[PDB]
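>>> I would like to see how this sequence folds:
(2 chains)
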Amino acid sequence: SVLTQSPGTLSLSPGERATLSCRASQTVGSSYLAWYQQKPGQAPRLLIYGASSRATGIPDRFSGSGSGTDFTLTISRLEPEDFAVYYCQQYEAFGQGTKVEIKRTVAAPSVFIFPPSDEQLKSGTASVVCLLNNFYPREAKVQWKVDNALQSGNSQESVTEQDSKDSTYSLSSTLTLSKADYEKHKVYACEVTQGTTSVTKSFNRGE
Amino acid sequence: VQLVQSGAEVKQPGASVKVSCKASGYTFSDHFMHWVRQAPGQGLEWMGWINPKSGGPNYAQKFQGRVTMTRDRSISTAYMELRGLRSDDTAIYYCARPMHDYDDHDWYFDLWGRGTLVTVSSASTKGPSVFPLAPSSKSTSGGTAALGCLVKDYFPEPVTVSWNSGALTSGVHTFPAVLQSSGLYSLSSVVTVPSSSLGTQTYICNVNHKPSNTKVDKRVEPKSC
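Residues are numbered from 1 along each chain as shown, chains lettered A, B, ... in the order given. Okay, here it is:
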């Protein structure tokens, strides 16, 4: 069977009902499904075995149900420790997973840009850092433009986890180039796009 | 009731790695031993199981011909050997024990090991190169200044970054490392501080790379532009 889970990003406020989905289409009806919770740096912990049976030590708020191909894991009230990734398993098949996320008001990123340091230029490598600080939701499109030309394949990005205080995300976007390529252009910018808004922070290489 | 595994290992591409999983607190031969790996950021991937009694395993078709699962009933330790390691074989390898089931469906993994980190890379250990993210007019927006450090070209994981020897913790974001095309990890740590304190307070990032026994302290001096 093939297991599919949705939504993979279920953003809900603490204290409200959370409903998850698992579709075992490539199976008969084998009500031999299971549910797991995994936290970063930890192994998965069994929550539901069978269609609806709770595993030992699992609080009452966790429960499961199913009908043929569609199965649901429901948490009646979201505790602070319930915001994690969840997987469903049938025999040896695993779903792609569902991440439960704290829901908060929309926050615009604080866009900062850092030119390559003079020390790094001496080694023949240039790195330009685009910083997105304390925004929400996690979705955001960062595009590098060098002399008003969109770049492709020469940048990488990483995202921090939800901050423990304000439940926001921070995204880094590093543009990696050579010294020769960095010296042949003046204007460098990253365009952050989020919800009909496109903030573009730029600089000139000299100056 | 516990499942201890072997320590993390690093192997070159094309080599082989063997991971142990010793069982405690239960009868080893009464339950099968399954192996499930998880790539960084991906989901769970079932590999195979092995019968402790007879020793006859069953592998997934993806790993067939590359995985050998054995066991030692004397010490209650199960083994998993993967050969022909590829760059995409970097994953955390767990061992899971299915529980006794009323319907004899021995696939409900209630006991898990802490996992074994297996990293496959053609790179050699290198010290991190730390560069300053100097605050300037391009990072000062209405009384708030942004500065940081770029930890680039280091191998292997992990590194630990602090600020002001741990005295500065508010508004500090250390990003997860990204694997560059050169095979070297590269991350960056940032912090937002009042722009009034740029000319008075000193800010130093503390990058520690225990695998290379290198500890770099970098002072971020503000720019004037």
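
>>> okay, buried residues for the helix or strand hosting residue B:80 please.
Element membership for residue B:80, per DSSP states H and E: strand B:77-82. Residues B:77-80, B:82 are the ones in strand B:77-82 that count as buried (16 or more other C-beta atoms under 10 Å in any protein chain shown). For the C-beta atoms, the positions are set from N, CA and C on the backbone; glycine is no exception.

>>> for the residues you listed, give me JSON lines that also has distance to chain A.
Below are those laid out as JSON lines (distance: C-beta to the nearest C-beta, whole Å):
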{"residue": "B:77", "distance to chain A": "18"}
{"residue": "B:78", "distance to chain A": "16"}
{"residue": "B:79", "distance to chain A": "19"}
{"residue": "B:80", "distance to chain A": "15"}
{"residue": "B:82", "distance to chain A": "17"}
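
>>> what bridges to residue 174?
Using chain A. For residue A:174, the beta-bridge partners under DSSP bridges are residue A:129, residue A:156.

>>> please refer instead to chain B.
Judged by DSSP bridges, the bridge partners of residue B:174 are residue B:189.

>>> that one touches residue B:189, doesn't it?
Yes. With contacts counted by C-beta atoms under 8 Å, residue B:174 reaches residue B:189, the gap being 4.0 Å.

>>> joint contacts of those two?
Residues touching both residue B:174 and residue B:189 by C-beta atoms under 8 Å, 6 or more residues apart in numbering or on different chains: residue B:161.

>>> tell me the SS of residue B:196?
Classification of residue B:196 using DSSP: H, G, I helix; E, B strand; the rest coil returns helix.

>>> closest to the centroid, which residue in chain A?
residue A:138 (6.1 Å; C-alpha atoms, centre = their mean).

>>> start to end distance for stretch B:58-65?
Stretch B:58-65 has an end-to-end distance of 11 Å (criterion: C-alpha to C-alpha, to the nearest Å).

>>> buried sites along that stretch?
Buried, per 16+ other C-beta under 10 Å, within stretch B:58-65: B:59, B:63.

>>> list of residues touching it?
Around stretch B:58-65, the neighbours that count as contacts under C-beta under 8 Å, 6+ apart are A:92, B:46-50, B:67, B:69, B:82.

>>> possible to save those residues as CSV with secondary structure and distance to residue A:198?
Output for the contacts of stretch B:58-65, formatted as CSV (DSSP: H, G, I helix; E, B strand; the rest coil; distance: C-beta to C-beta, whole Å):
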residue, secondary structure, distance to residue A:198
A:92, coil, 45
B:46, strand, 43
B:47, strand, 45
B:48, strand, 49
B:49, strand, 52
B:50, strand, 55
B:67, strand, 49
B:69, strand, 53
B:82, strand, 46
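
>>> buried subset of those?
Applying 16+ other C-beta under 10 Å to these flags A:92, B:46-50, B:67, B:69, B:82 as buried.

>>> which non-adjacent residue is nearest residue B:221?
Closest residue in space to residue B:221, ignoring its immediate chain neighbours: residue B:134 at 6.5 Å, by C-beta to C-beta, 6 or more residues apart in numbering or on different chains.

>>> which ones are touching that neighbour?
Residue B:134 neighbours (C-beta under 8 Å, 6+ apart): A:114, A:117, B:147, B:220-223.

>>> please repeat the previous calculation with a cut-off of 10 Å.
Residue B:134 makes contacts with A:114-115, A:117-118, B:147-148, B:198, B:220-225, as judged by C-beta atoms under 10 Å, 6 or more residues apart in numbering or on different chains.

>>> number of nearby residues for the nearest residue to residue A:110 once chain neighbours are set aside?
Counting by C-beta to C-beta, 6+ apart, residue A:133 is the residue found nearest to residue A:110 once chain neighbours are left out, at 3.9 Å. A total of 22 residues lie near residue A:133 under the criterion other C-beta atoms under 10 Å in any protein chain shown.

>>> pretty sure residue A:133 contacts residue A:168?
Yes. Counting by C-beta atoms under 10 Å, residue A:133 does reach residue A:168; the two are 8.3 Å apart.

>>> please enumerate the shared neighbours of the two.
Any residue near both residue A:133 and residue A:168 by C-beta under 10 Å, 6+ apart counts here, and that gives A:107, A:109, A:160, B:173.

>>> wait, the first one touches residue A:140, no?
To tie it back to what came earlier, the one meant is residue A:107. No. At 11.1 Å, residue A:107 does not count as touching residue A:140 under the criterion of C-beta under 10 Å.

>>> what about these two, which has more around it?
With neighbours defined as other C-beta under 10 Å, residue A:107 and residue A:140 compare such that residue A:140 has more, 19 against 16.

>>> nearest residue to the more buried one other than its sequence neighbours?
residue A:194 (4.9 Å).

>>> tell me the contacts of the one you found?
Taking C-beta under 10 Å, 6+ apart as the criterion, residue A:194 is in contact with A:106-109, A:132, A:135-137, A:139-142.

>>> swap in residue B:165?
B:204, B:206, B:217.

>>> identify the residues contacting the strand or helix carrying the last one?
With secondary structure defined by DSSP H and E, residue B:217 is part of strand B:214-219. Applying C-beta under 10 Å, 6+ apart, the external contacts of strand B:214-219 come out as A:119, B:125-133, B:148-151, B:154, B:159-162, B:165, B:202-209.

>>> list the buried residues in that strand.
Under 16+ other C-beta under 10 Å, the buried positions of strand B:214-219 are B:214, B:216, B:218.

>>> check stretch A:55-68 too.
Buried, per 16+ other C-beta under 10 Å, within stretch A:55-68: A:55, A:58, A:62-64, A:66.

>>> span of that stretch from start to end?
21 Å.
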